[PDB]
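Structure record follows, encoded as structure tokens.
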Amino acid sequence: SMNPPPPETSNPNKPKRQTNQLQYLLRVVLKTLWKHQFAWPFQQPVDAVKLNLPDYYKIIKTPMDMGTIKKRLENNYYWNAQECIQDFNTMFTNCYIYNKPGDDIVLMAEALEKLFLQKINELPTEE
Ligand SMILES: COc1ccc2c(c1)C(c1ccc(Cl)cc1)=N[C@@H](CC(=O)NCCCNC(=O)OC(C)(C)C)c1nnc(C)n1-2
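Read left to right, the sequence shown gives residues 42 to 168 (PDB author numbering).
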């Protein structure tokens, strides 16, 4: 078990926007989660080699992480906010799929997801 290529963060063929909702996802949502004490496991793709998780990419076929989301937002990769919200939800779900209830990493994901939900509850109406 090598690592897979990371998710795409650059693709000139993909149409792009910078909507007020996407600006909120960067300035409020990503920034709030990134600074949290429990962000670090999520700030880059899972390194299955260094973590000795040879089954990780056997189980997880839609990897996602906040490093990827941060690059997507900074590079204006998205067309809409729903695409970015889906990336956050994929990241949390992958953690819950791979790990066991009550594991430390699951507790970390749950704490970040609570904050994520609190912030996207106030996603502004698209202008
Ligand atoms: C860069 O470091 C990363 C990156 C990603 C991680 C993890 C670590 C971390 C991470 C884990 C604990 C804490 Cl406190 C924080 C993180 N979790 C991985 C999944 C994983 O490694 N599972 C091994 C399970 C083996 N059990 C284990 O060793 O338990 C002991 C025996 C009590 C020590 C895992 N699953 N999803 C993610 C994200 N991650």
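Where a beta carbon is used, it is the ideal one built from N, C-alpha and C, also for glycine.
Since residue 137 contacts residue 152 with CB under 8 Å, what's their CB separation in whole angstroms?
For the purposes of this step, residue 137 is identified with residue 96 of the sequence shown, where counting begins at 1. For the purposes of this step, residue 152 is identified with residue 111 of the sequence shown, where counting begins at 1. Not a contact, Cβ separation roughly 13 Å.
Within the same chain, show all residues whose beta-carbon is closer than 7 Å to that of residue 101, passing over the 5 residues directly before and after it, in chain order.
Translated into the one-based positions of the sequence shown, residue 101 becomes position 60. Answer for residue 101: 135, 138, 139, listed in chain order.
Please confirm whether any heavy atom of ligand 1 lies closer than 6 Å to the CB of residue 125.
Counting from 1 along the sequence shown, the entry for residue 125 is found at position 84. The answer is no for residue 125.
Can you grab the Cα-Cα spacing for the pair residue 51 / residue 75, in whole Å?
The residue labelled residue 51 in the question sits at position 10 within the sequence shown. The residue labelled residue 75 in the question sits at position 34 within the sequence shown. Roughly 21 Å between the two C-alpha positions.
Quick check: is any heavy atom of ligand 2 less than 6 Å from the C-beta of residue 82?
What this structure holds is ligand 1, not ligand 2.
Consider the C-beta atom of residue 137 and the heavy atoms of ligand 1; say whether any pair is separated by less than 6 Å.
Against the sequence shown, residue 137 aligns to sequence position 96. For ligand 1, not one heavy atom lies less than 6 Å from the Cβ of residue 137.
Just to check, is the beta-carbon of residue 114 closer than 6 Å to a non-hydrogen atom of ligand 1?
Numbered from 1 along the sequence shown, position 73 holds the residue referred to as residue 114. Every heavy atom of ligand 1 is 6 Å or more from the Cβ of residue 114, so no.
Contact check, residue 105 vs residue 88, beta carbons under 7 Å
Position 64 of the sequence shown, counted from the first residue, corresponds to residue 105. Position 47 of the sequence shown, counted from the first residue, corresponds to residue 88. In this structure, residue 88 does not lie closer than 7 Å to residue 105 by Cβ.
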